[PDB]
There are 2 protein chains.
Amino acid sequence: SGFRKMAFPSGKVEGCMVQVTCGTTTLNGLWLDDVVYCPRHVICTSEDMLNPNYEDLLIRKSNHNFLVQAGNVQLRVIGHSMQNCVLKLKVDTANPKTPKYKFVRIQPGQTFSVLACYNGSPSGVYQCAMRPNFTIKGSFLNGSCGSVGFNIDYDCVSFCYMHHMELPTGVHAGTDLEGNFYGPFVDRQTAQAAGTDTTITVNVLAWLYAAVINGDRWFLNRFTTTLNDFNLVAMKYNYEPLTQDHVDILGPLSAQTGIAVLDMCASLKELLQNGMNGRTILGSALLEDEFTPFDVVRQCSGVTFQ
Amino acid sequence: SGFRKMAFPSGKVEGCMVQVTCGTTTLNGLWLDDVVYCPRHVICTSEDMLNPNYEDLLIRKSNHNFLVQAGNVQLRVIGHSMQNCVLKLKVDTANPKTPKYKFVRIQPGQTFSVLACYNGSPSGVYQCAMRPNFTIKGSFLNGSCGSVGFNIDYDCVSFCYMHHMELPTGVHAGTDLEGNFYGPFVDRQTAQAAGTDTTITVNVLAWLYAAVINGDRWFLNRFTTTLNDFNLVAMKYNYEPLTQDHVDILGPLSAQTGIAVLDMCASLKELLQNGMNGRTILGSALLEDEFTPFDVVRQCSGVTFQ
Ligand SMILES: *[C@](O)(C(=O)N1CCC1)[C@H](CN1CCCCC1=O)NC(=O)[C@@H]1[C@@H]2[C@H](CN1C(=O)[C@@H](NC(=O)C(F)(F)F)C(C)(C)C)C2(C)C
Ligand SMILES: *[C@](O)(C(=O)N1CCC1)[C@H](CN1CCCCC1=O)NC(=O)[C@@H]1[C@@H]2[C@H](CN1C(=O)[C@@H](NC(=O)C(F)(F)F)C(C)(C)C)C2(C)C
Ligand SMILES: [Cl-]
């Protein structure tokens, strides 16, 4: 037993990271097949980044302006194009360590692993959720741009995030691997604000199930509720609405524990109204909303990723 | 910026995990060079595990009783010996993916990454601390025995933990890679108790520095204290004594932030006496003691692990 914030194993992604340099800007790229993908602001000086014209910077560049390194090997670039906010560099060598992979655009409330990299080299791995306001709460220093977010599905890496920037509040914003931002952000160094955040209700319920599985059961009550009556109460605490889709997704936890979803909702309703009454759940004094139902099943049933 | 519980990248370890089977007991092993290391209770039936005689079980086994698989390949075992609570299996094939490595015995208060595995296959990665009572708070289901804990130092994996069991309180116990337990536990299915835990003071101070680096500064006060006077107060809250060694180790954080260690101790003293006054630090309502000073520098300066 036990419950921990767990990242996917990172090996399959570690063998795809390279260092991309253009002029004196250096960041990370992801080498899959004969293509390297990286943030397009690799073509900016830091002054350009205050107000960039990427198309105009890119025309002035040729293949030879891009230095791509994988450990000791330089990779000769033989083509380039821009897709939204991502730069695609065609190279003369396919990556032999390319895993089976897909590009995916994730939904608010879904989690992924981040492999934080500096100079093409992996530094660490952690879990993030895509917030309802389309930001993530990560850990990224200078050089971390181009670090990617991902999920593993057996042998297949789904890439879902590439890191670009940090907002004035300290949270993080990036793109899918087709270079489309999550949320209304642009790759320019100017003040921009995220929407106010909300709590991912389905994820709090999945954590309450994890808690029960792990023996923490003091918050369980004898009541049920209706979806409608739960959403009316929760709304005021800035919880996002729970839909019937979410109820269906929680069904496996429900069946594993023998506690109906609307029985758990009745427990959560009382926690929001009354507080935690000087008690913890899974060691935490606050409700946690960054585990998906899948994360809980994965961890509290034992699913692995060849 | 940002601060997250971060694991080392797991690739170097992922290529060392194999599945070991003996009879109808299956668990994980670590394949380095031509040796596989695994928990010795792989030779037990579940009935044996209630009260095992490992030496007597092992004499009855020969090399051919051990089935070791790496993905599709079976590895023929050509020798076996027991070292404390670990079983060493000599195999006919050296692991070509063996990283530079060392075996290390860690101290209470030190952190490591755990690669949780099932059937030789990696499931996930997380950070743990070795508690002062020599347990860890992990996440381990049936099949997870033989999962290892580790640190990376540039290119070198230091292996420090191999998972064996879970205690009646839900916390976890294991051995170093020479098969010596951390703490007074034995590999037998019988009631055993950990010492009462204590809080790792140096780690709470390193987290307070992380917090300051990340802009959370409300708990900073204008006072200093003496090491002696801090330890007198903290003792009563079941904080472990802060030594001059610990002060020296915190020096880098101190210099990065310009806040003397005994200035921070004066802040921590007031937090213990007065409480957190309905405020959080780095998002947490409780003090966190599972980041080492090194973890903080690593994450809030950007160190990577080729
Ligand atoms: C990223 O550019 C990078 O790693 N490198 C460029 C060469 C190496 C860098 C990553 N990073 C470092 C600063 C702390 C957090 C972080 O994500 N990203 C950036 O510096 C982007 C980049 C410029 C400005 N920028 C920002 O993140 C900035 N934010 C903003 O201006 C705002 F949107 F949030 F308001 C600063 C945090 C630097 C102020 C691009 C947006 C193109
Ligand atoms: C480990 O044996 C394993 O993964 N496998 C055996 C074949 C696959 C297993 C891992 N595990 C599964 C149960 C939940 C937590 C956990 O660590 N470890 C064990 O089952 C050990 C093993 C027996 C008994 N054991 C225990 O962990 C037990 N604990 C105790 O008896 C006590 F020390 F804590 F009191 C139980 C949790 C199973 C009660 C060995 C000690 C040899
Ligand atoms: Cl908390």
# chains A, B, ... in the order shown; residues from 1 in each chain; ligands from 1

$ residues_around --residues "residue 193 in chain A" --least-positions-apart "2" --cutoff "8 Å" --atoms "only C-alpha atoms" --output "PyMOL selection string"
chain A and resi 167-169+191+195

$ residues_near_ligand --ligand "ligand 1" --cutoff "10 Å" --atoms "only C-alpha atoms and all ligand atoms" --output "ChimeraX atom specification"
/A:20-22,24-28,39-52,85,117-119,138-147,163-174,185-194 /B:1-2

$ select_by_dssp --residues "range 22-268 of chain B" --states "helix (DSSP H, G or I)" --output "PyMOL selection string"
chain B and resi 40-43+48-50+54-59+63-65+201-213+227-235+244-257+261-268

$ interface_residues --of "chain B" --to "chain A" --cutoff "10 Å" --atoms "only C-alpha atoms" --output "NGL selection string"
:B and (1-15 or 71 or 114-128 or 137-144 or 152 or 154 or 166 or 170-172 or 214-215 or 283-286 or 298-306)

$ select_by_dssp --residues "range 17-51 of chain B" --states "strand (DSSP E or B)" --output "list in words"
residues 17, 18, 19, 20, 21, 22, 25, 26, 27, 28, 29, 30, 31, 32, 35, 36, 37, 38 and 39 of chain B

$ write_last_selection --atoms "N, CA and C atoms" --output "compact mmCIF listing (two decimals), in the first residue's frame"
# COMPACT_ATOMS: atom_id res chain seq x y z
N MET B 17 16.58 -3.66 -14.90
CA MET B 17 15.57 -4.42 -14.18
C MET B 17 15.24 -5.70 -14.96
N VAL B 18 15.17 -6.81 -14.23
CA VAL B 18 14.77 -8.09 -14.78
C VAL B 18 13.74 -8.71 -13.84
N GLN B 19 13.09 -9.76 -14.32
CA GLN B 19 12.15 -10.53 -13.53
C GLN B 19 12.86 -11.80 -13.05
N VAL B 20 12.80 -12.08 -11.75
CA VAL B 20 13.37 -13.31 -11.22
C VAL B 20 12.24 -14.19 -10.71
N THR B 21 12.24 -15.47 -11.13
CA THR B 21 11.25 -16.42 -10.61
C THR B 21 11.98 -17.63 -10.05
N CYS B 22 11.48 -18.10 -8.90
CA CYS B 22 11.92 -19.33 -8.25
C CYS B 22 10.67 -20.05 -7.76
N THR B 25 7.23 -18.08 -6.95
CA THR B 25 7.47 -16.73 -6.45
C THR B 25 8.23 -15.94 -7.50
N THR B 26 7.69 -14.77 -7.84
CA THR B 26 8.24 -13.92 -8.88
C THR B 26 8.44 -12.53 -8.29
N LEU B 27 9.65 -11.99 -8.44
CA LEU B 27 9.85 -10.60 -8.08
C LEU B 27 10.91 -9.96 -8.98
N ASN B 28 11.32 -8.76 -8.62
CA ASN B 28 12.24 -8.01 -9.46
C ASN B 28 13.71 -8.26 -9.06
N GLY B 29 14.60 -8.22 -10.05
CA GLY B 29 16.02 -8.16 -9.77
C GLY B 29 16.72 -7.03 -10.51
N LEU B 30 17.93 -6.74 -10.08
CA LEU B 30 18.73 -5.69 -10.66
C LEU B 30 19.94 -6.39 -11.28
N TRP B 31 20.07 -6.25 -12.60
CA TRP B 31 21.12 -6.90 -13.36
C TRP B 31 22.25 -5.89 -13.62
N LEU B 32 23.39 -6.04 -12.93
CA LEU B 32 24.60 -5.23 -13.14
C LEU B 32 25.77 -6.17 -13.44
N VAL B 35 25.77 -10.15 -12.80
CA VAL B 35 25.15 -10.54 -11.53
C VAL B 35 23.75 -9.95 -11.52
N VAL B 36 22.80 -10.76 -11.02
CA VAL B 36 21.48 -10.28 -10.68
C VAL B 36 21.33 -10.30 -9.15
N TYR B 37 20.83 -9.19 -8.59
CA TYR B 37 20.61 -9.05 -7.17
C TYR B 37 19.11 -8.96 -6.94
N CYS B 38 18.58 -9.72 -5.95
CA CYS B 38 17.16 -9.71 -5.65
C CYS B 38 16.95 -10.06 -4.18
N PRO B 39 15.74 -9.80 -3.62
CA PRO B 39 15.45 -10.21 -2.24
C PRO B 39 15.53 -11.73 -2.10
